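Following: one structure in structure tokens, then a few remarks.
The first residue of the sequence shown is numbered 1, and numbering continues consecutively from there. What you see below is based on every heavy atom in this structure, not just the backbone, and it leaves out hydrogens, waters and symmetry mates.
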Amino acid sequence: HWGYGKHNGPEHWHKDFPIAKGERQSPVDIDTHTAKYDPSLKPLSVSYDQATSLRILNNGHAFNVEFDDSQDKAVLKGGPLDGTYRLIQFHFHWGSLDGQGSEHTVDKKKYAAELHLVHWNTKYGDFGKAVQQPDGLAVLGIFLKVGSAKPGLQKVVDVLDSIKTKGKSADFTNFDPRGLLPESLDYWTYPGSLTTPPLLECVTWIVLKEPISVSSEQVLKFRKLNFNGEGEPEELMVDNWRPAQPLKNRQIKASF
Ligand SMILES: CCN(C(=O)OC[C@@H](CO[N+](=O)[O-])O[N+](=O)[O-])[C@H]1C[C@H](C)S(=O)(=O)c2sc(S(N)(=O)=O)cc21
Ligand SMILES: [Hg+2]
Ligand SMILES: [Zn+2]
């Protein structure tokens with residue numbers, strides 16, 4: 001099945017998911033000089049105060065922190081979005097090396113990692129219905145460079161030992177996702193897709209311009225994660241990013 005190596009990687013995915021070569025694929029390169037400031041963008045609203053995490057999960061591709069989304073608690077609204085999108089989970093993609101790992105790039109510059117906070121459009125009643133919709137999801141993308149530690153990330157780093165291999169999960173309640181955000185909400189936005197199979201074209205992308213900084217030793221611990229399940233040969237979870245895809249006519253709008 002799909003993965004990130006030579007034989008099952010992003011270059012192979014189109015075979016099971018033809019949409020891989022579609023008209024609104026993610027990620028993209030953000031050409032900062034070509035993105036237009038857009039005055040009809042409302043201010044962005046990230047309300048994460050009442051966010052309730054349930055658990056952390058290694059799914060053999062990344063690790064997912066999953067949230068209770070049965071009630072309106074953690075929502076993204078405003079910016080390019082119409083109505084209310086509920087936070088359901090977040091995850092990261094990262095590299096074997098500090099100079100690679102993000103999915104989006106900024107004038108071709110790759111960051112050490114990229115975090116994705118995933119929200120679904122509440123007009124559609126459940127997450128399952130929204131992903132079948134062109135405006136079904138909003139993903140908040142955040143870059144990670146290597147520098148000083150992100151204190152608000154270390155509870156995630158420490159729990160990773162518990163979820164080394166595919167299929168492992170741990171209780172992970174009361175994680176507050178606000179500690180992962182940078183100061184600025186300046187952003188680029190574009191219409192796009194899931195960056196993993198099924199690569200569905202249901203995503204409004206909102207990518208923060210300001211990177212967060214994490215320590216060398218924090219990213220180093222991401223890299224100790226395994227793609228494999230318990231008691232299979234050891235394949236380190238690194239370089240789980242999809243490269244930039246063709247822009248194809250789309251415009252990237254800047255909020256600033
Ligand atoms: C959690 C990351 N995802 C994902 O499919 O990872 C692996 C598959 C595994 O597929 N598989 O081999 O059975 O799903 N999973 O076992 O959690 C999906 C899951 C769901 C479709 S999601 O939470 O709406 C989501 S958003 C993104 S991203 N990178 O564009 O911001 C990606 C995803
Ligand atoms: Hg869709
Ligand atoms: Zn992602």
Would you say the rings of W241 and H104 are close, in the sense that their centroids are separated by under 6.0 Å?
no
Is the NZ atom of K248 crowded by more than 12 outside heavy atoms at less than 6.0 Å?
yes
Quick check on the hydrophobic clustering: are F67 and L57 connected, directly or via other members, by side-chain heavy-atom contacts under 4.5 Å?
no
Is a side-chain donor-acceptor pair under 3.5 Å present for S26 with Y190?
yes
I'd like to know if the side chain of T189 reaches the main chain of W205, judged simply by a donor and an acceptor atom lying under 3.5 Å from each other, with no hydrogens or angles considered.
yes
Examine distances only and state if a side-chain atom of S53 and a backbone atom of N174 form a donor-acceptor pair shorter than 3.5 Å.
yes
Taking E232 for the side chain and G229 for the main chain, is one N or O donor matched with an acceptor at less than 3.5 Å?
yes
In this structure, NZ of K155 is separated from CD1 of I56 (nearest 0.5 Å) by 11.5 Å
Taking every heavy atom of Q245 against every heavy atom of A20, the minimum-distance pair comes out as OE1-O, 4.4 Å
State plainly whether one hydrophobic cluster holds both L180 and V159, where clusters connect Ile, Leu, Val, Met, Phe, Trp and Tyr through side-chain heavy atoms under 4.5 angstrom apart.
yes
Trace of the side-chain contact (heavy atoms from CB on, under 4.5 Å) decision for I252 with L247:
CA-CA 9 Å; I252 301 165; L247 193 56; 3.9 Å; yes
Do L81 and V203 land in one hydrophobic cluster if side-chain heavy atoms of ILVMFWY residues count as linked below 4.5 Å?
no
Under 4.0 Å between a side-chain nitrogen and a carboxylate oxygen: does that hold for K145 and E210?
no
Under 3.5 Å, is there a donor on one side chain and an acceptor on the other for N228 and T165?
no
Mark yes when over 12 heavy atoms from residues, nucleotides or ligands other than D171 sit less than 6.0 Å from its CG; otherwise mark no.
no
Any salt bridge linking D176 with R178? Criterion: basic side-chain nitrogen under 4.0 Å from a carboxylate oxygen.
yes
Side-chain contact, heavy-atom cut-off 4.5 Å: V131 with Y124?
no
Is there a side-chain contact (heavy atoms from CB on, under 4.5 Å) between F143 and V106 once you walk through the steps?
CA-CA 10 Å; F143 295 123; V106 168; 3.5 Å; yes
May I ask you to decide if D68's main-chain N or O and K73's side chain share a donor-acceptor pair within less than 3.5 Å?
no
I'd like to know if the side chain of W13 and the backbone of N8 have a donor-acceptor N/O pair within less than 3.5 Å.
yes
Side-chain donor or acceptor of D98 paired with backbone N/O of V146 under 3.5 Å
no
Give the ring-plane orientation class for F175 versus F90, where under 30° counts as parallel, over 60° as perpendicular and anything between as tilted.
tilted
Determine, for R24 against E201, whether the closest basic-nitrogen to carboxylate-oxygen distance falls under 4.0 angstrom.
no
Do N58 and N226 pair up side chain to side chain, a donor and an acceptor below 3.5 Å, judged on atom types alone?
no
Let me see the working for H119 and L140 under side-chain contact (heavy atoms from CB on, under 4.5 Å), right down to the final yes or no.
CA-CA 8 Å; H119 317 73; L140 216 216; 4.0 Å; yes
Short side-chain donor-acceptor distance under 3.5 Å, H61 and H93
no
Tell me the closest heavy-atom pair linking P182 and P211, and the distance in Å.
CB-O, 4.1 Å
Measure the OG1-CD distance between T52 and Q71 for me, rounded to the nearest 0.5 Å.
8.0 Å
Report the distance from atom OH of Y187 to atom CG of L208, rounding to the nearest 0.5 Å.
10.0 Å
Can you confirm whether the side chains of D126 and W120 place a donor and an acceptor under 3.5 Å from each other?
no
Is a donor on one side and an acceptor on the other found under 3.5 Å between the side chain of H116 and the backbone of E114?
no
Do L144 and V65 share a hydrophobic cluster (ILVMFWY, side-chain heavy atoms under 4.5 Å, transitive)?
yes
Flag if over 12 foreign heavy atoms under 6.0 Å of CD, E230:
no
Just checking, any donor-acceptor pair under 3.5 angstrom between side chains of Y85 and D135?
no
Within the 3.5 Å criterion, strictly below it, is a donor on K77 or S45 matched to an acceptor on the partner's side chain?
yes
Over all atoms of both residues, closest heavy-atom pair of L137 and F127
CD2-CE1, 3.9 Å
Spell out, as yes or no, whether a donor-acceptor pair under 3.5 Å connects the side chain of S102 to the backbone of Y111.
yes
Please tell me if the side chains of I212 and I142 come closer than 4.5 Å, counting only heavy atoms from C-beta onward.
yes
Side chain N121, main chain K123, donor-acceptor under 3.5 Å:
yes
Smallest heavy-atom separation, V28 atom then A244 atom, equals C-CB, 3.9 Å
Around atom CG of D82, are there more than 12 heavy atoms from other residues, nucleotides or ligands closer than 6.0 Å?
no
In one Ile/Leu/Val/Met/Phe/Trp/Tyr side-chain cluster, 4.5 Å: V214, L97
no
With a sphere of 6.0 Å drawn around NZ of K253, does it hold more than 12 non-hydrogen atoms of other residues, nucleotides or ligands?
yes
Go through the structure and list residues passing side chain to side chain donor-acceptor pair (under 3.5 Å) with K15, not counting sequence neighbours.
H12
Output the distance between atom NE2 (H33) and atom CG (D107), rounded to the nearest 0.5 Å.
5.0 Å
Any non-hydrogen side-chain atom of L117 less than 4.5 Å from a side-chain atom of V46?
no
Do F63 and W94 have ring centroids that are under 6.0 Å from one another?
yes
Are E103 and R242 close enough for a salt bridge, meaning some N to O gap below 4.0 Å?
no
Please walk me through it: do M237 and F222 pass side-chain contact (heavy atoms from CB on, under 4.5 Å)?
CA-CA 7 Å; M237 189 174 279; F222 278 23; over 6 Å; no
Calculate, to the nearest 0.5 Å, the distance between atoms NZ and CG belonging to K209 and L185 respectively.
11.5 Å
How close do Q133 and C202 get, heavy atom to heavy atom, and via which atoms?
O-CB, 3.1 Å
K110 atom NZ, neighbour heavy-atom count above 12 within 6.0 Å
no
For a 4.5 angstrom cut-off between non-hydrogen side-chain atoms, does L199 reach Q25?
yes
Side chains of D29 and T105: do they bring a donor and an acceptor to under 3.5 Å?
yes
For residues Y37 and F256, establish whether the separation of their ring centroids is below 6.0 Å.
no
Non-hydrogen atoms of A138 and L76 that approach each other most closely:
CB-CD1, 4.0 Å
Pairwise distance CG(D69) to CD1(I88) - rounded to 0.5 angstrom
4.0 Å
Mark yes or no for whether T195, through its side chain, and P27, through its backbone, hold a donor-acceptor pair below 3.5 Å.
no
Would you call the rings of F227 and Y4 parallel, tilted or perpendicular, where under 30° means parallel and over 60° means perpendicular?
parallel
